[PDB]
Amino acid sequence: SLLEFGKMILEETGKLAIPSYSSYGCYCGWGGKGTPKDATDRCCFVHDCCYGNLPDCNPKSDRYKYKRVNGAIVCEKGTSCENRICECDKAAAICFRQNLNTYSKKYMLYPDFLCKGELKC
């Protein structure tokens, strides 16, 4: 759920999930359209695609557990949905960490009309 995802983001990147990554670019937010703006936006597009493969799951409200094995995210055993939702999110947190260097404030609160083009999952 969003509670585990936002805490995963804060732990990995130092930034709070909201407003750093809930209004960034074309994909960090709610749905998405167009061509992702930068590496950080590409993490959100791949995240959106990961959730997109889990149609009878509910990634915003179904809670999972994860532990830190020295810094590494380890998803705990749960239902089959929770396991898969945890891997989508852990991949996004690591993607956000890997691209902290190119994170740009110019892309926070980015206008919709600028999200142009087509990209498939």
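FYI, the numbering just counts along the sequence from 1.
- Annotation: side chain of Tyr103 is in contact with side chain of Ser20 (closest heavy-atom distance under 4.5 Å).
- To the nearest 0.5 Å, atom CG of residue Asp41 and atom CG of residue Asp48 are 9.0 Å apart.
- Residues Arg42 and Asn99 have side chains not in contact (no heavy-atom distance under 4.5 Å, counting atoms from C-beta outward).
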Just distance, no hydrogens or angles: give the donor-acceptor pairs under 3.5 Å from side chains in residues 49-56, sequence neighbours left out.
residue : atom : partner : partner atom : Å
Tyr51   : OH   : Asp89   : OD1          : 2.6

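- Between the OG atom in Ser22 and the CH2 atom in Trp30 there is a gap of 12.5 Å [rounded to 0.5 Å].
- Under a hydrophobic-cluster definition in which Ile, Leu, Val, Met, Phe, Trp and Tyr are linked whenever side-chain heavy atoms come within less than 4.5 Å, directly or via other members, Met108 and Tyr110 are assigned to the same cluster.
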Hey, mind stepping through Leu10 and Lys15 against side-chain contact (heavy atoms from CB on, under 4.5 Å) and telling me if it holds? CA-CA 5 Å; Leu10 178 62; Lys15 308 172 173 296; 6.0 Å; no

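- No single ILVMFWY cluster, assembled from side-chain heavy atoms under 4.5 Å apart, contains both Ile85 and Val46.
- Transitive grouping of hydrophobic side chains (ILVMFWY, heavy atoms separated by less than 4.5 Å) brings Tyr24 and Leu100 into a common cluster.
- Both the sub-6.0 Å distance and the 45° axial angle are not jointly satisfied by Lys90 relative to the ring of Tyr64.
- The side-chain heavy atoms of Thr35 and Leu119, taken from C-beta on, include no pair separated by under 4.5 Å.
- Residues passing the side-chain hydrogen bond (donor to acceptor under 3.5 Å, both in side chains) test with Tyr21: none are found, sequence neighbours excluded.
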Contacts under 3.5 angstrom, residues 111-118 side chains, donor-acceptor by atom type, not counting sequence neighbours:
residue : atom : partner : partner atom : Å
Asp112  : OD1  : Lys33   : NZ           : 3.1
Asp112  : OD2  : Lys33   : NZ           : 3.3

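- Under the side-chain hydrogen bond (donor to acceptor under 3.5 Å, both in side chains) criterion, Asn83 pairs with no residue at all, not counting sequence neighbours.
- Applying the salt bridge (charged side-chain N to carboxylate O under 4.0 Å, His left out) criterion to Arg97, with sequence neighbours excluded, gives no partner residue.
- Of all the heavy atoms in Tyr27 and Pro36, the pair that sits closest is CE1-CG, 3.8 Å.
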Would you be so kind as to tabulate the donor-acceptor pairs closer than 3.5 Å made by side chains of residues 1-9, with sequence neighbours excluded?
residue : atom : partner : partner atom : Å
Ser1    : OG   : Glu4    : OE1          : 2.6
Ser1    : OG   : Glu4    : OE2          : 3.4
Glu4    : OE1  : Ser1    : N            : 2.8
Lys7    : NZ   : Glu11   : OE2          : 3.1
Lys7    : NZ   : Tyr66   : OH           : 3.3

